[PDB]
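Remarks on the structure that follows.
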Amino acid sequence: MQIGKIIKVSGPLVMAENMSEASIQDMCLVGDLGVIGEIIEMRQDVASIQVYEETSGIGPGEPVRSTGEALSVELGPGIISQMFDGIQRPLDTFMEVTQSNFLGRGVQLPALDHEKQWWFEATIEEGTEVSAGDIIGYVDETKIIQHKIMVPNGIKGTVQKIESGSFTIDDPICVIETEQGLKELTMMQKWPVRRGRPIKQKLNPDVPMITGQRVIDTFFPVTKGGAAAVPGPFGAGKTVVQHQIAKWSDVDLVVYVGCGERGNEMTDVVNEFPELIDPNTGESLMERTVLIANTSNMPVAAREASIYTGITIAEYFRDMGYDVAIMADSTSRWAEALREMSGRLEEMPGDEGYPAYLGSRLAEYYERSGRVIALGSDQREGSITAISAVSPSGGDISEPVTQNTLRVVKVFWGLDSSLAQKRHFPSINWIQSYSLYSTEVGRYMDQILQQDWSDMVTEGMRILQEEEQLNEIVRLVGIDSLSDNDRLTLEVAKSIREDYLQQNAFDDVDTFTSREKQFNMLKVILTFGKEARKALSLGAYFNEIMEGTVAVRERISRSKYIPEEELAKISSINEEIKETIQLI
Amino acid sequence: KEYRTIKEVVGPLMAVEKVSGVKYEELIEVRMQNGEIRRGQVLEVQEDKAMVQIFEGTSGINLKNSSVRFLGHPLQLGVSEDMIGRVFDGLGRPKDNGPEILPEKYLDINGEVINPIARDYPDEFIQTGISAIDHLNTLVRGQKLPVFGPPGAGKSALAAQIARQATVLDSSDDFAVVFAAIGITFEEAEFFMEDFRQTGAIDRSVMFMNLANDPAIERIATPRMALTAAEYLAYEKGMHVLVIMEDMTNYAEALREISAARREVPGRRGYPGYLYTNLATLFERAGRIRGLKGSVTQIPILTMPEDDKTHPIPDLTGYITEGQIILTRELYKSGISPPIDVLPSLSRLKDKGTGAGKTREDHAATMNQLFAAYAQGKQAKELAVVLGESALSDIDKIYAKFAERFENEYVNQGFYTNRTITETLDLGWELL
Amino acid sequence: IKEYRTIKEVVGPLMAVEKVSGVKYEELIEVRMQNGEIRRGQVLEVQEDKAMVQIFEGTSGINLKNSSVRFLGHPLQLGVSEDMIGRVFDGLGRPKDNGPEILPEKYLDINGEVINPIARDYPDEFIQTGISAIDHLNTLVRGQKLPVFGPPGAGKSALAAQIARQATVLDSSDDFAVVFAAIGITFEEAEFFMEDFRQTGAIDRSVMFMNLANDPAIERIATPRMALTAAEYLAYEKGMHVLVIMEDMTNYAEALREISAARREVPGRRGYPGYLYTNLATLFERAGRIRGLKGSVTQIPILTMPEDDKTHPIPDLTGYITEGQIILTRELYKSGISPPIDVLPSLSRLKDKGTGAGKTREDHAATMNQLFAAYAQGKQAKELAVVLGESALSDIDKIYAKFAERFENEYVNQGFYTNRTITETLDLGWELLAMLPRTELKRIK
Ligand SMILES: Nc1ncnc2c1ncn2[C@@H]1O[C@H](COP(=O)(O)OP(=O)(O)NP(=O)(O)O)[C@@H](O)[C@H]1O
Ligand SMILES: [Mg+2]
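In structure tokens form, the structure reads like this:
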């Protein structure tokens with residue numbers, strides 16, 4: 001093939017002549033070392049190239065070779081439970097092949113273990129008519145996730161011969177007489193990262209996701225197929241928010257993208273996720289979790305490549321029928337990458353230096369996520385829940401990243417430094433944080449629980465909002481200017497946030513709190529408040545009305561991993577009733 | 003025809019060579035080496051070379067083997083009477099996979115400027131069925147009236163209600179509704195679709211859908227398409243059209259995006275600088291022409307930044323658009339649906355649209371006395387703002403029952419409630 | 002070995018060389034001046050036979066015709082040997098200690114390479130700083146990235162020296178080192194550091210690099226990269242627990258602003274360059290522990306929130322990058338307490354990995370939660386009383402407010418030259434915590 005000669009090297013920009021046969025946005029091995037790169041603009045026979053590795057030491061005169069294909073990810077068996085480079089290079093194989101503990105330049109790594117032998121059991125029958133997305137057989141990659149092998153796009157015809165057996169990723173396992181010629185396919189397909197995987201139909205997301213986190217599930221819920229943002233200053237709990245919902249969400253698959261963030265965090269995830277097990281099926285969370293690491297030191301172009309690769313994997317496992325949850329750690333790092341790339345290209349700057357297309361790029365990402373009807377005959381339903389972390393400026397969030405983000409998403413968990421400052425570690429701010437799905441979630445919750453729970457959550461939020469007013473009123477006298485009911489209402493709001501709202505301090509029992517327990521917790525709190533108030537009206541006085549059981553706060557911690565919650569939690573209701581009447 | 007001389011590709015732009023008879027703002031289509039076909043539009047033409055922007059993008063183009071064909075016409079929309087009951091994309095191409103539509107004729111989408119003398123003033127009001135709009139800042143056929151709201155304030159919900167309950171009392175022929183969705187998410191878009199199907203307005207409406215996923219340059223065309231189709235129905239077919247465009251904010255965002263893509267020097271507050279003219283060109287395609295039956299009315303829905311510091315400046319458009327309607331989340335919090343802050347909303351054309359013979363004429367007098375009741379009723383409760391220790395507590399309770407009653411009842415009539423103007427008047431009488 | 006005598010342009014501190022080949026980006030160069038002086042520079046942009054270099058020292062006095070440029074074939078390298086300890090260096094790896102040149106074992110690119118995430122080992126164990134607030138409340142872990150934020154003032158500088166001499170691993174380990182990098186400090190600032198090291202006998206334990214304000218701006222960039230290269234080398238080749246301390250990274254990034262301005266890069270926030278975050282990150286993420294090796298690099302960078310402590314780009318980006326913070330407040334500085342540490346803002350995320358029974362005493366984790374809560378509420382009462390008398394304090398808030406006073410007055414202010422062991426900090430905290438009613442606290446004796 002034709003060889004291109006480097007004629008210019010400026011930062012991460014490389015220009016090379018004699019590249020007529022190349023096309024726009026084609027990966028290419030640039031320089032002697034052959035570092036990976038991408039062609040972003042072509043003028044005459046010369047090409048301007050964006051690289052994804054440090055170009056320190058690359059000069060003019062060196063050769064440039066094109067791969068003739070756009071950025072793509074290998075989609076086949078072996079993906080699950082692996083950590084990848086922003087361009088899908090597997091890091092473990094990377095370490096062994098290079099025999100080094102660092103990241104070098106120019107390494108050629110297949111993303112998937114092509115040599116490993118898998119047992120493929122075929123489900124389609126010979127003679128069946130097939131289309132894009134139709135599933136022919138399944139490989140049991142994990143005891144939990146059955147890797148459903150399905151017909152790629154652009155292929156339609158009649159199967160010819162298909163049989164179960166032991167094949168690798170490269171061996172052809174099935175062949176289809178297509179409209180012209182014969183097409184034999186493997187268990188692996190390549191897919192361009194930037195363009196979304198096609199679907200048949202898109203749907204509304206109306207199934208709440210069980211985060212486990214009390215404040216989220218109760219007050220600001222996100223549905224399966226929705227999108228959420230976590231804006232917060234440093235030291236707030238946004239990274240660990242993604243961690244918790246990656247651990248405990250009732251979702252079949254989890255994809256974690258940590259662009260431009262600390263490496264210890266990714267190392268921590270890969271060590272603790274296998275140690276963490278799930279008793280529902282007896283195996284670790286890594287059997288279902290996927291990882292993509294692009295740290296701060298790693299080159300900046302890979303930071304965009306990392307989030308795009310992550311969602312392409314999520315859309316893959318969505319077309320199988322599973323629900324996926326993908327979370328990007330500090331999407332700002334992506335936007336900050338895109339900004340300096342706009343400046344080096346001397347593009348016309350948009351707002352705050354970011355390119356004008358920022359709002360468009362962002363909108364393309366979140367709208368790839370959703371609850372959809374996947375391609376094929378069965379028309380299975382799959383979903384992707386998108387969680388985005390944004391770290392911006394100081395505490396100030398009104399910057400292009402979060403503003404454009406909130407323009408396209410319906411869930412906003414806003415962390416504030418003051419709440420994290422007071423060691424309210426779940427620092428989701430109430431009264432600003434909002435979930436536009438909350439009204440739909442209420443209907444779902446009432447039908448599933450066969451109880452009026454929506455009115456409970458409106459009552460809880462109304463009490464909290466009331467407390468905000470009473471803080472401004474409390475300046476005059478601490479406890480003698482307010483009203484009797486207002487003092488009790490204060491104590492109830494205090495109980496809500498100090499018991500329900502506050503979440504784990506890396507405590508096993510305080511980490512999850514099942515939906516059934518969430519119900520009982522909020523009910524015991526709400527009954528206490530309303531009983532104490534209505535019973536206070538009948539000549540009961542608050543001086544000693546606060547009495548007896550304050551252990552309720554403490555009580556909510558325990559009885560989680562075992563079903564010891566029913567007795568323990570409703571006994572609190574009956575006990576508080578008795579004690580209220582006795583106090584009289 | 004089928005020139006094959008691409009000499010440059012930069013970002014989403016292209017440079018073609020040895021082309022002649024190429025005009026500015028002329029549509030081209032590109033034949034790639036892989037037979038894929040993409041549309042683009044000429045944006046600059048030199049002595050022999052020309053420079054175009056590709057809608058879909060430039061990913062995957064091999065310059066040596068790709069080809070370009072110059073269509074010879076600018077962006078057009080095919081007009082037909084069969085448009086009703088149909089859904090189109092940003093560029094007016096069928097999106098519901100329905101019957102193929104043979105255009106009566108293909109129309110340039112930029113439109114034309116009505117001669118000032120030719121334009122006919124609007125004197126007849128339109129019954130929205132909304133007490134908080136009909137009584138006060140009333141809407142007249144041909145008026146340019148916009149609703150300003152923040153995200154999640156139910157602005158879309160109000161827009162839906164207006165679409166469903168819009169009608170006129172004469173009703174010799176029924177109303178026609180053209181709805182454009184500009185750079186909005188699927189969930190947002192789906193809301194409108196579901197309402198129209200459920201309510202049956204799709205058979206009585208025509209719509210153009212442009213989501214955020216779609217390219218920015220398609221957003222520019224989306225308004226132009228909707229208004230060109232509205233004008234076709236309105237003037238050539240004499241229909242009475244209500245045009246509702248949802249979030250011109252993102253039209254403006256796309257305007258900035260295209261300006262930066264074309265390497266144009268920014269105008270005031272980082273925006274293109276021809277925003278005033280671009281918006282005014284859009285908004286001024288309304289009203290009635292004398293000597294023609296039809297009419298065009300516009301209710302542009304606009305997301306409003308809480309701050310006045312940045313986005314599609316409310317007063318940039320507000321003085322272009324003959325009044326405005328304000329929605330606020332502070333309002334919305336206490337079950338106030340449709341949350342219409344009535345303090346700063348006005349319909350610039352309310353006075354003439356209101357009179358006996360066009361309205362039951364308690365209405366002008368009663369609106370003015372209830373406008374006094376707005377001011378005095380606000381005085382009574384609204385102005386207190388947790389103050390009024392003595393004010394309104396001295397048998398001004400008539401006042402200190404009026405306005406809270408008014409704010410709750412009148413403003414929140416319910417999103418699925420249709421109030422006949424006479425009724426709205428009556429509930430004003432009750433409040434009197 | 003080639004000397005090029007063709008220089009087409011000189012513009013401020015940047016010059017361009019015509020008719021050259023075989024050059025590479027970021028390469029170094031040496032200029033032969035007409036008078037024979039030698040200046041070091043580095044290439045910034047290359048195309049075809051033209052090269053674009055920027056001289057560190059400056060272009061003043063350069064006759065273009067009678068001057069030439071040499072291409073060294075390599076980028077910024079620090080020569081490394083295990084004799085670094087005891088010899089004091091400047092920002093460019095040169096000797097500032099009146100010492101003989103080292104026989105370099107090998108030459109290392111200062112930029113180094115990223116630690117592969119799986120190969121990395123998570124931070125653990127406990128390093129004893131001698132600081133009650135640091136060791137107890139905001140624990141330090143090997144490979145952690147803990148910084149010091151202060152107002153412009155004396156507290157930071159004193160704390161830097163104190164940490165350097167006292168900070169030792171709990172005896173268990175075979176050996177220990179410290180690497181000191183000094184950025185944008187006056188000659189006296191430098192001499193204070195060097196004299197305390199010579200006087201305390203820690204100079205033999207440690208390697209240090211000194212860069213001053215008079216030295217060129219680009220040298221400040223080089224200096225941290227040098228220091229971290231040597232620190233990496235010691236931990237990851239010679240298996241020592243390296244501890245790196247850096248001085249006023251504000252001075253470092255003001256060098257970045259000056260440099261970018263010279264290169265006409267577009268500004269970011271507050272005039273600082275767009276790539277501030279990642280650039281800071283490239284230094285800070287070289288700390289940690291590698292799997293399959295012993296010895297580690299731990300970084301305690303130092304910085305002042307410039308001017309009014311607004312937490313402006315320098316501190317905010319650093320906070321995003323590090324794993325915690327220790328900050329100094331001028332209100333506490335005004336008061337007698339030294340070091341002035343407001344515990345509430347300060348935080349160490351990895352504290353729990355380095356604490357508990359075994360590594361420390363079993364009570365270490367339970368004590369800090371109680372002392373934190375009691376401080377916050379004693380200060381709550383403290384400010385509460387203000388403009389409301391002591392009546393509101395009543396009995397409970399009164400004891401609480403005085404707890405806060407006592408806490409700041411002896412627990413926190415160690416004195417700048419007095420070491421505290423972890424056990425005596427804990428036991429002191431107990432004596433301090435004994436004032437409180439045994440009913441309030443969170444766990445049993
Ligand atoms: N349940 C919890 N929720 C949130 N934060 C918590 C919780 N428990 C502890 N923390 C604290 O949260 C901090 C970690 O938050 P983290 O999200 O990692 O910071 P961050 O905002 O992501 N920094 P960055 O992502 O780089 O901008 C630590 O100091 C923990 O002590
Ligand atoms: Mg983080």
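Residue numbers (the deposited numbering), protein chains in the order written: chain C, 1 to 584; chain D, 3 to 434; chain F, 2 to 446. In this text, a Cβ means the ideal position worked out from N, Cα and C, and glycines have one as well.
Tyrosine 418 of chain D sits exposed, since fewer than 16 C-beta atoms from the chains shown fall within 10 Å of its C-beta.
The Cβ atoms of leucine 415 of chain C and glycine 232 of chain C sit closer than 8 Å to each other. When Cβ pairs closer than 8 Å are counted between the two stretches, the region 117-131 of chain F is seen to touch the region 139-153 of chain F, the count reaching three or more. When distances are taken from the beta-carbon of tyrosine 123 of chain F to the heavy atoms of ligand 1, even the shortest one reaches 7 Å or more. Just so you know, the alpha carbons of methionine 320 of chain C and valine 230 of chain C end up roughly 28 Å apart. Within 7 Å of the C-beta of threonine 319 of chain F there is not a single heavy atom belonging to ligand 2. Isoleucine 397 of chain F and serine 481 of chain C have their C-alpha atoms some 21 Å from each other. Spanning the alpha carbons of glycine 156 of chain F and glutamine 326 of chain F requires a straight line of approximately 15 Å.
Of C:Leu375, C:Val240 and C:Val139, the smallest CA-CA separation from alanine 132 of chain C is found for C:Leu375. Shown here, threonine 7 of chain D sits in coil according to DSSP, grouped into three states, outside any helix or strand.
Bridge partners of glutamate 261 of chain C according to DSSP: C:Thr295.
Chain-ordered, the residues whose CB falls short of 7 Å from any heavy atom of ligand 2 come out as C:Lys238, C:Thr239, C:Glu261, C:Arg262, C:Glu265, C:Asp329 and C:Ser330. By the Cβ neighbour-count rule, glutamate 4 of chain F is exposed, with fewer than 16 other Cβ atoms within 10 Å of its own.
When F:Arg264, F:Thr422, F:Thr7 and F:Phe150 are compared, the shortest CA-CA separation from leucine 171 of chain F is found for F:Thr422. When 9 Å is used as the limit between beta carbons, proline 225 of chain F is near no residue of chain C, the shortest such separation being about 14 Å. Per the coordinates, the alpha-carbon of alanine 337 of chain C lies some 21 Å from the alpha-carbon of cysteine 28 of chain C. Any Cβ of chain D closer than 8 Å to the Cβ of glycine 359 of chain C would place that residue at the interface, and such an atom is present. Nearest to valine 267 of chain F by C-alpha distance, out of C:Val30, C:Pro192, C:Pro349 and C:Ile292, is C:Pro349. Within the chosen limit of 7 Å, ligand 1 reaches the beta carbon of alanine 505 of chain C through at least one heavy atom. Around the C-beta of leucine 345 of chain D, fewer than 16 other C-beta atoms lie within 10 Å, and the residue is accordingly described as exposed. Using a Cβ-Cβ cut-off of 8 Å, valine 300 of chain C counts as an interface residue toward chain F, since at least one Cβ of chain F sits closer than that to its own.
Segment contact: the region 21-32 of chain D against the region 218-235 of chain D, fewer than three CB-CB distances shorter than 8 Å; contact not assigned.
In the three-state DSSP reduction, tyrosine 376 of chain F falls in the helix class (H, G or I). As DSSP reads the structure, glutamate 46 of chain D sits in a beta bridge with D:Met53.
The alpha-carbon separation between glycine 42 of chain F and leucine 257 of chain D amounts to approximately 45 Å.
The residue among C:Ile525, C:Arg533 and C:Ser559 with its C-alpha nearest the C-alpha of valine 552 of chain C is C:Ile525. For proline 426 of chain C, the CB falls within less than 7 Å of some heavy atom of ligand 1. When Cβ pairs closer than 8 Å are counted between the two stretches, the region 214-223 of chain C is seen not to touch the region 280-292 of chain C, the count staying below three.
Residue contact with chain C for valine 149 of chain D: absent (no Cβ-Cβ distance below 8 Å to any residue of chain C). Contact of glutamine 82 of chain C with chain F is not assigned, every C-beta pair being separated by 8 Å or more.
Excluding residues up to 5 positions away in sequence, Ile136, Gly137, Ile162, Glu163, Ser164, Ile173 and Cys174 lie with their Cβ nearer than 8 Å to the Cβ of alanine 122 of chain C in the same chain. The DSSP-derived three-state label of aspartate 278 of chain C is strand. Per the DSSP secondary-structure output, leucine 329 of chain F pairs with nothing in a beta bridge.
Note on geometry: alpha-carbon atoms of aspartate 364 of chain F and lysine 352 of chain F lie some 14 Å from one another. Distances from the CA of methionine 85 of chain D to each of D:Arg206, D:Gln78 and D:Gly154 were compared; the closest alpha carbon is that of D:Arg206.
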